[PDB]
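In: build me a structure from this.
(one chain, ligands or ions: 3)
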Amino acid sequence: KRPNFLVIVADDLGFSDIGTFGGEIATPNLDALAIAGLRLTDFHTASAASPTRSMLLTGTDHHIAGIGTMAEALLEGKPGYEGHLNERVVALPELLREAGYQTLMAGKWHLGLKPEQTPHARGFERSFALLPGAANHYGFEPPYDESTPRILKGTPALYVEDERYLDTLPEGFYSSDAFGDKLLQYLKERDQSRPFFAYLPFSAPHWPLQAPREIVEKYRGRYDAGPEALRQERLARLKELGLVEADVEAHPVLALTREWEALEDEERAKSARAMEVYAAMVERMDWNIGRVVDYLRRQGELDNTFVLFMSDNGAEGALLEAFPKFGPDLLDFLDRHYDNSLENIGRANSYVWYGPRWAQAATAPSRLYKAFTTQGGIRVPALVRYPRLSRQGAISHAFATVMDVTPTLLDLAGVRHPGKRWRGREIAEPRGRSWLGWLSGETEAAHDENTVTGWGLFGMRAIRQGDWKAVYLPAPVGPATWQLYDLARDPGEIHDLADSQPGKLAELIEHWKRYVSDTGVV
Ligand SMILES: O=P(O)(O)c1ccccc1
Ligand SMILES: O=P(O)(O)c1ccccc1
Ligand SMILES: [Ca+2]
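Out: Numbers count the residues shown, from 1 in each chain. Ligands and ions are numbered 1, 2, ... in the order given. What follows is the structure:
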């Protein structure tokens, strides 16, 4: 008996959004996986979507795997800054597929748009994928020409099924529902006598925030108290459930938007409606996850499926109107082409994001959010449900990263990572470490006080060894200097220890430099 795998990835979901992670959002199917499984509180991704994906599916750092910076932000020709998963890496599905696994995917790819970079070309026997980093959840497209804001030009509903670039979408297309139908179709059509690797990367709860009315309607008024009232509920509940320490000091909320109590009644009603919509996206995703899990359960296969759920990065605090490289004139265009009046928020012809204060409610007590290298952007909820593993039913604070997944699943599938050559081309070997020892109860963790780990994206840096972490946030968002935090004592990265622990910081700076050098950071 070799296990199946089901790897589920939410897009921009916050740490505490889910019930079992302290949330008020209805997430029954995940909750059952979570409570019975092992919930991780110190599992890390990268600070953004394609870099994290490239890590998930290779076992090594994104600067090596081809996604040194996002394809949207370019460096060109430099090795590892291709904008797609490149040929210096072998992908997890490619390895499993050669060792007998049915490799199935329905979801967001974000690892390349060209025929030779598709899920189909990178190891997926069957795939229904959105290739870009985002799109209108309903397939409603604005006009595409030179004047179209760059962020919208970058996010058409460009879907593929295997080799076929789809020329249209079914009527009633809603992303999370379509990903559910398709993964379910592929499972129903599988060879029932061989195991599967099912990849279910949703695009929910990623902007634009959109969900079926009948689900949003369930959260009517739930968010009228605003994002700071929400953060306080989330923090109380995280403490209550044992996910963060009872005495944790939460990092302060930093936002340049007007605070909730400064907003006029209409502004509040609309931002509350966006968080209602967001909630509805999470529940609806959860509901599609339940369709898949329930089918597997009825087939007598769930207990022999290793189930991993994770978000791909921290909650999305961005103001898309603030980076002019997303424009020109994003708001003016949206004003001319979309209907963001209150009643319409959440339909196909709205386009909203919920902004820095709602995001920060879900990353608390961590500092900031997506696209930053602080714990807010990189510490994400994750759970592992596999009953043959001995650590199950508990909360774990042991360090782990997204790069650990590939070695774990290869391990469990009984497949050796090929080493430094594959198909004759020279390739990278995983920087992650298999969780098998730790999850089978042999060891306390998969990493230790000497484990060194690096991040670097959008000019921001982090370097971590054991539980010490240094951070570099450039201007205008940080001091453009190295700050040092003891994450065991200060998980909010509030208390800069550069002055009191300068030796330790210089050690980390040295490790940072090895990292820059070993991964090809520019
Ligand atoms: O927020 P994401 O990094 O996943 C993204 C997607 C499409 C365009 C730009 C950024
Ligand atoms: O900040 P958002 O673009 O999502 C917005 C919401 C209501 C009216 C205008 C813009
Ligand atoms: Ca993401």
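In: from ligand 1, how far out is the residue in the chain positioned nearest to ligand 2?
Out: With C-beta to the nearest ligand atom, the shortest gap between the chain and ligand 2 falls at residue 352, namely 3.1 Å. In short, each C-beta sits where N, CA and C put it, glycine included. In this structure, residue 352 lies at 15 Å from ligand 1, with C-beta to the nearest ligand atom, to the nearest Å as the measure.
In: and residue 114, how many neighbours does it have?
Out: Here the number of neighbours of residue 114 (other C-beta atoms under 10 Å) works out to 10.
In: surely it touches residue 82?
Out: No: Residue 114 is not in contact with residue 82 according to C-beta atoms under 8 Å; the separation is 10.7 Å.
In: residue 129 bridge partners, please.
Out: For residue 129, the residues forming beta bridges with it (DSSP bridges) are residue 107, residue 160.
In: which ones are touching the spatially most central residue of the chain?
Out: Taking C-alpha atoms, centre = their mean as the criterion, residue 312 is the residue nearest the geometric centre of the chain, at 1.0 Å. Residues in contact with residue 312 (C-beta atoms under 8 Å, 6 or more residues apart in numbering) are 9, 10, 11, 12, 45, 49, 52, 53, 201, 380.
In: once you drop chain neighbours, what's closest to the fifth one?
Out: Closest residue to residue 45 apart from its sequence neighbours, by C-beta to C-beta, 6 or more residues apart in numbering: residue 52 at 4.1 Å.
In: close enough to count as contact, the one you found and residue 401?
Out: No: with contact defined as C-beta under 8 Å, residue 52 does not reach residue 401; the gap is 9.8 Å.
In: what do those two both touch?
Out: In terms of C-beta under 8 Å, 6+ apart, residue 52 and residue 401 are both contacted by the residues residue 45.
In: give me the neighbour count for residue 520.
Out: One way to gauge burial is a neighbour count; for residue 520, by other C-beta under 10 Å, it gives 15.
In: again with residue 195
Out: Going by other C-beta under 10 Å, the residues that sit close to residue 195 add up to 20.
In: do residue 436 as well
Out: Residue 436 is flanked by 17 other residues according to other C-beta under 10 Å.
In: the one 5 residues further on now?
Out: When neighbours are counted by other C-beta under 10 Å, residue 441 registers 11.
In: could you list every residue that touches it?
Out: Residue 441 touches 390, 391, counting by C-beta under 8 Å, 6+ apart.
In: go again with 10 Å.
Out: 389, 390, 391, 392 (C-beta atoms under 10 Å, 6 or more residues apart in numbering).
In: hmm, back to that, looking at this, the residue nearest to residue 45 is in a helix?
Out: Yes: residue state for residue 52 (DSSP: H, G, I helix; E, B strand; the rest coil) corresponds to a helix.
In: hang on, isn't it packed against residue 67?
Out: Yes: taking contacts as C-beta atoms under 10 Å, residue 52 lies within contact range of residue 67: 9.0 Å.
In: compare these two (neighbour count), which wins?
Out: Per other C-beta under 10 Å, whichever of residue 52 and residue 67 has more neighbours is residue 67, with 31 against 27.
In: name the nearest residue to whichever residue of the stretch 251-400 of the chain sits closest to ligand 3, sequence neighbours excluded.
Out: Of all residues in the stretch 251-400 of the chain, residue 312 sits closest to ligand 3, at 4.1 Å by C-beta to the ion. Sequence neighbours aside, residue 52 is the residue nearest to residue 312 in space, at 4.4 Å (criterion: C-beta to C-beta, 6+ apart).
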